[PDB]
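J.: Residue numbers (our numbering), protein chains in the order written: chain A, 36 to 461; chain B, 36 to 461; chain C, 21 to 126. Have a look at this one.
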Amino acid sequence: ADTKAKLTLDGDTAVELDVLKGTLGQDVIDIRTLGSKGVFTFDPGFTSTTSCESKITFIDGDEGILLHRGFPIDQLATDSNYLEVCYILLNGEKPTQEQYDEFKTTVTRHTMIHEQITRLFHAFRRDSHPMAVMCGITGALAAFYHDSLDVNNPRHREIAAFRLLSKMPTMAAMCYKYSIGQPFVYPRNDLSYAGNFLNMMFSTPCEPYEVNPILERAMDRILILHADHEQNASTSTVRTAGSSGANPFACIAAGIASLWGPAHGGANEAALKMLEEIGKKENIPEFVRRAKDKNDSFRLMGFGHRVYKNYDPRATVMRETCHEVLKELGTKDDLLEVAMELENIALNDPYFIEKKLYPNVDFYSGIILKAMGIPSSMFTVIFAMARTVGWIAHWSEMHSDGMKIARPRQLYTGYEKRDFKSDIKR
Amino acid sequence: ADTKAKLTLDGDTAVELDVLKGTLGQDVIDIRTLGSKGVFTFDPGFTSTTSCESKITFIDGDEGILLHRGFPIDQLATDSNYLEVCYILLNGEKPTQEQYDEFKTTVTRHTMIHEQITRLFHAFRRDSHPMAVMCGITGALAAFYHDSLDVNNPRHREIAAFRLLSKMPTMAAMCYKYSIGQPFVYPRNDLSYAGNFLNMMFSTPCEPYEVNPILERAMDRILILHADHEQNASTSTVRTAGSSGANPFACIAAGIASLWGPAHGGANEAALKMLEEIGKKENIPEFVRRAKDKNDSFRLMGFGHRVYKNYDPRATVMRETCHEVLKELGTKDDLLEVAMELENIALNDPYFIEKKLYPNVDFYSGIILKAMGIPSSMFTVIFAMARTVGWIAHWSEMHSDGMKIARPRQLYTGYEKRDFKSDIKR
Amino acid sequence: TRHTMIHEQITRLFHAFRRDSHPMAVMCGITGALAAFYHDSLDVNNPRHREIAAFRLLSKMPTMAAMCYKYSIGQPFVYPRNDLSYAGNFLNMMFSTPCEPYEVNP
């Protein structure tokens, strides 16, 4: 708390800047005045610049700590349910029974997507990546829901939120169904958020589908564990597009694309094939498939993490859930010995030890989803679906702040004024 | 280096920071490494933070200066054409007849849109706002043109930039046609950029369409004057979405939704309602829309601008062109001479002189569009169409700097860790 | 009850209208098109024809009206159910969705 008192800057004149502090994390130097003074900093990437005040999620990476509204992720993972985590993320407090009852009725109230929006899916190619379809549909909702686009109207944000929150799972399962050639399945009010998703993903009209409570709870946890992750690339995209006036649907659509960005990154893309393919218990085990690693693409395959130093806190509940599911799905897991083997190589090989390519939450998420017969193409779709509530929370907090359209500066380093005379004659 | 030699960040031990200078504009203070010392600045709104270094466009608000790669906008709008200007923004120099012809050739051979995408157009509701359909189509492009989404592969990036530059006009026109129920028109390889767009907008199978030379020039100038505008809110979104690695089409879609943004509120169209909803001098102004305007209701009709102090350098030639157009059409303007009174008001009304609500480029642009027979629900689609080359140049530059990952920090002021105890069920 | 369903191709006609069209204009449009699908009961001079035509219009009008409503709000069409009353069935086709069984208040 000490030096928080104040401090100053000066190159040709003296300027006194305050030192603000957080309820957690380090202090910051309020430079909200240097601008007028005529002083501007230079920070490409905003790594030494704090862009906002937030009360949603707290992360202490070096300590492996993750909190949502103060609540540790481990307690929410095992003690709460996705919908309740959604309420907490958007409201800031655990809901009373009555409050949760209404939140759930409202959500359940608008899960269906207008039949014309549903017509949109049939205009895509059956071979398109389900993630590209997911971005396409979300980026088109505005043409069908033009009545909740004014982000300056509180009732608008309210409506838009429930619309995205209630329809994202319906949408994601439709992307899957369209990609495999099966008929779409309507949302059922009698099912849970997780149970309903599994139902829309897997049931067909040829027999009633029965959700395994084990797999359901597993999905619920996968969802809670991806609800939000503080500021990062996709959330910064959602915040930037948002403060520029862009409608909520478009904001979330940009978030989805940002989240997908790394995947189709080339070096990551190439390494994605190697994992999902090479695996005949001769390659992965005898460090054969892992003998090739020029392109790292580690966090993508579920190894290492950019923020957390030694371990991903979200991975604790997920690993135990992975253990559970692999056993519930009994003995139908052979090739999935690479799962056990890769974890062993990630924890016992010096390279991984040195560079810290430890299994993160997605390593186990991937193992679970796979064991469930869900293709890898649907991995990012499901994570985006889960992350949508966090995006809405951040988006809603950016608005509630002060609606200050952010306008960063540029250091001009181009040509000085020069006269123009074309060299062409058309 | 005027009022800025070298600076010292004072806390408890003088920290000297290097000052940087641009070729034009204000000097900045370097702080890239501060965070690497636990020292972070706080600046929501980015009032003092310089997010990047750029060589594309230079603006001097108080001086009414606007340059593109060093060339004055007035010069470009007068002695160039849209394609040549696109070449400049993208390449940094004016083209040779050979570089230009090569560029022109590549552009025209990518103008046709995939047949399957046309099916997507027909899935949108007939009453969809053109801009919404434009967002929906552009954001769906990654699903199809999936062989150019590797943002780190220089080959993919040029093929994508060319695809966007070529197809935007095609898509924009189709948005119009769809809204009025007329058949879509294919690009014409023998027509100029602006002439091709006018033909795609208004031609019909019933008879040949004749491209008026003065209108062809008026439109090319509108495109020129909206090609780029430095670090604004929409460009910021593009750059930020692009930093995460999001595909080219998703980033441009985000820029279009961002440009649309400040036009979704009620008082937004409510104001931009009577601006055209009435065509008669003593009616819209005459002791009417004097206070009948409620929230913004000024800045949306083309009056004033936060960038420029006294006037908009783009409006100079745009006003000149306005004359040529009204003059030319005559019987497609004269009735609309309610503009002169609006302009007169803005020039002498104490309220307008007060708010510095001078007529900007969009006041004059709107008049030319209202004169050519273009509906106000197509204005921002056309502006976005012209601005895409600008968005593409900025996105590319950001990727030349090594994909500057725009990931700002937060000041956490929420709950400290607290135990989670659920009150619920359901 | 035997002929409440409308031929699936006639059902295809609805999707050619605008979602924003007035449901009354759609109702007139569809009815004025039935002749192209039911050309076997057009001779008004044949008693059996009138007989058939009558039951066709009588049994299908409610199915049609509820479809106009569903199309105007973006919800999926609902098939006629033999186990319901004329009034109960209309309410069902107007209000139920596949997301939960609809229960008609007597």
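Cβ coordinates follow ideal geometry from the N, Cα and C atoms, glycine included.
Please work out which residues of its chain come closer than 6 Å, Cβ to Cβ, to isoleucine 440 of chain B, disregarding the five sequence neighbours upstream and downstream, and give them in chain order.
T.: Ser278.
J.: Can you say whether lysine 460 of chain B is buried or exposed, counting buried as having 16 or more other CB atoms within 10 angstroms of its CB?
T.: By the 10 Å Cβ count, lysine 460 of chain B comes out exposed.
J.: Note down, in chain order, every chain A residue with its Cβ under 8 Å from the Cβ of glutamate 265 of chain B.
T.: By Cβ distance, chain A contributes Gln445.
J.: Could you check if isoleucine 287 of chain B is buried or exposed, using at least 16 other CB atoms within 10 Å of its CB as the buried criterion?
T.: Classification of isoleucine 287 of chain B: buried, given that the 10 Å Cβ count is 16 or more.
J.: For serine 86 of chain B versus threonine 76 of chain B, is the C-beta spacing smaller than 9 Å?
T.: Not a contact, by the Cβ cut-off of 9 Å.
J.: Would you kindly work out how many angstroms separate the C-alpha atoms of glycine 80 of chain B and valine 273 of chain A, rounded to a whole number?
T.: Cα to Cα, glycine 80 of chain B sits roughly 15 Å from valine 273 of chain A.
J.: Can you name the residues of chain C whose CB is closer than 7 Å to the CB of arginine 223 of chain B?
T.: Neighbours of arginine 223 of chain B on chain C: none; closest Cβ ~30 Å, over 7 Å.
J.: Leaving out five residues before and five after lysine 72 of chain A in sequence, what residues of the same chain have Cβ atoms less than 7 Å from its Cβ?
T.: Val50.
J.: Between the beta-carbon of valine 54 of chain B and the beta-carbon of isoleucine 64 of chain B, is there less than 9 Å?
T.: Contact flag set, yes.
J.: Kindly indicate which three-state DSSP category residue 13 of chain B falls into: helix, strand or coil?
T.: No answer is possible for residue 13 of chain B: the residues shown for chain B start at 36 and end at 461.
J.: Thinking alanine 326 of chain A and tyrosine 399 of chain A are a contact (beta carbons under 8 Å), I'd like their distance in whole angstroms, please.
T.: The pair is not a contact, with the Cβ atoms about 24 Å apart (cut-off 8 Å).
J.: When you compare the CB positions of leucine 101 of chain B and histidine 264 of chain B, do they come within less than 9 Å of one another, or not?
T.: Contact: yes.
J.: Among the residues of its own chain, which have a CB less than 7 Å from the CB of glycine 401 of chain A, if the five just before and after it don't count?
T.: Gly337, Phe414.
J.: 9 Å is my cut-off, CB to CB: does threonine 141 of chain B come that close to chain A?
T.: Taking Cβ atoms only, chain A never reaches closer than 9 Å to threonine 141 of chain B, which makes this a no.
J.: So the candidates are B:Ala207, B:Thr239, B:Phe284; which of them puts its Cα closest to the Cα of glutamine 217 of chain B?
T.: Of B:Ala207, B:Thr239, B:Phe284, the residue nearest in Cα terms is B:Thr239.
J.: Note the first and the last residue of the continuous beta strand (DSSP E) segment covering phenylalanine 57 of chain C.
T.: Per DSSP, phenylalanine 57 of chain C belongs to no beta strand (DSSP E) and is neither H nor E.
J.: Which residue's Cα is closest to the Cα of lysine 56 of chain A: A:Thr48, A:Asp47, A:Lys41?
T.: If we check each option's Cα against that of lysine 56 of chain A, A:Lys41 comes out closest.
J.: Name, going along the chain, the residues of the region 136-165 of chain A whose beta-carbon falls closer than 9 Å to a beta-carbon of chain C.
T.: From the region 136-165 of chain A, only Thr143, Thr146, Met147, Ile148, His149, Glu150, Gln151, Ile152, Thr153, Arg154 have a Cβ closer than 9 Å to chain C.
J.: So which residues of chain B does residue 465 of chain A contact, with C-beta pairs closer than 9 Å?
T.: Because chain A here runs from 36 to 461, residue 465 of chain A falls outside it and cannot be looked at.
J.: Give the straight-line distance between the Cα atoms of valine 120 of chain A and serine 412 of chain A, rounded to the nearest whole angstrom.
T.: Taking the straight line joining both Cα atoms gives about 26 Å.
J.: Compute the distance between the beta-carbons of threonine 143 of chain B and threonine 205 of chain B, then report whether it is under 9 Å.
T.: No, these two residues do not count as a Cβ contact at 9 Å.
J.: Which residue from C:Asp60, C:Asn112, C:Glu120 puts its Cα closest to that of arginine 223 of chain A?
T.: It is C:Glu120.
J.: Of the residues that make up the region 50-63 of chain A, which ones have a beta carbon closer than 7 Å to any beta carbon in chain B?
T.: Against chain B - using a Cβ distance shorter than 7 Å - the residues of the region 50-63 of chain A are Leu55, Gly57, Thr58, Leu59, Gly60, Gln61, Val63.
J.: Which of the three DSSP states, helix, strand or coil, is assigned to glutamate 88 of chain B?
T.: Here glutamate 88 of chain B sits in strand by DSSP.
J.: Which term fits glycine 408 of chain B, buried or exposed, when burial requires 16 or more other beta carbons within 10 angstroms of its beta carbon?
T.: Exposed.
J.: Within the continuous beta strand (DSSP E) that includes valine 50 of chain A, where are the two ends?
T.: Its beta strand (DSSP E) spans residues 49-52.
J.: Using DSSP's beta-bridge definition, name the partner residues of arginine 444 of chain B.
T.: Looking at the DSSP assignment, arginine 444 of chain B forms a beta bridge with A:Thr85.
J.: At what residues does the alpha helix (DSSP H) containing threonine 43 of chain B begin and finish?
T.: Element bounds for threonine 43 of chain B: not the alpha helix (DSSP H) but the beta strand (DSSP E), 42-45.
J.: Where does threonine 24 of chain C fall in DSSP's three states?
T.: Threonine 24 of chain C falls in the coil class under three-state DSSP.
J.: Quick one: residues in its chain with C-beta nearer than 6 Å to the C-beta of residue 492 of chain B, no 5 flanking neighbours on either side, listed in chain order?
T.: The structure shown does not extend to residue 492 of chain B, since chain B is modelled only from 36 through 461, so no value can be given for it.
J.: Can you tell which of B:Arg444, B:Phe159, B:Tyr180, B:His181 has the C-alpha that lies nearest to the C-alpha of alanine 175 of chain A?
T.: When each option's Cα is compared against that of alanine 175 of chain A, the closest is B:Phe159.
J.: In terms of alpha-carbon separation, which member of A:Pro297, A:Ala262, A:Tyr228 lies closest to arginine 252 of chain A?
T.: Nearest option by C-alpha distance: A:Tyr228.
J.: What ranges does the alpha helix (DSSP H) occupy inside the region 249-319 of chain A, keeping only unbroken runs of at least 4 residues that lie completely in it?
T.: Runs found: 268-278, 283-295, 302-312.
J.: Can you give me the Cβ contacts of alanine 276 of chain A inside the same chain, cut-off strictly under 7 Å, excluding the 5 residues immediately before and after it?
T.: Result list for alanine 276 of chain A: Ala285, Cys286, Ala289, in chain order.
J.: Look at the Cβ atom of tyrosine 393 of chain B, then the Cβ atom of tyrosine 346 of chain B, and state whether they are nearer than 9 Å.
T.: The answer is yes: Cβ separation under 9 Å.
J.: In terms of residues, what are the limits of the beta strand (DSSP E) holding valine 352 of chain A?
T.: Note, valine 352 of chain A: premise wrong, no beta strand (DSSP E); alpha helix (DSSP H) at 350-363.
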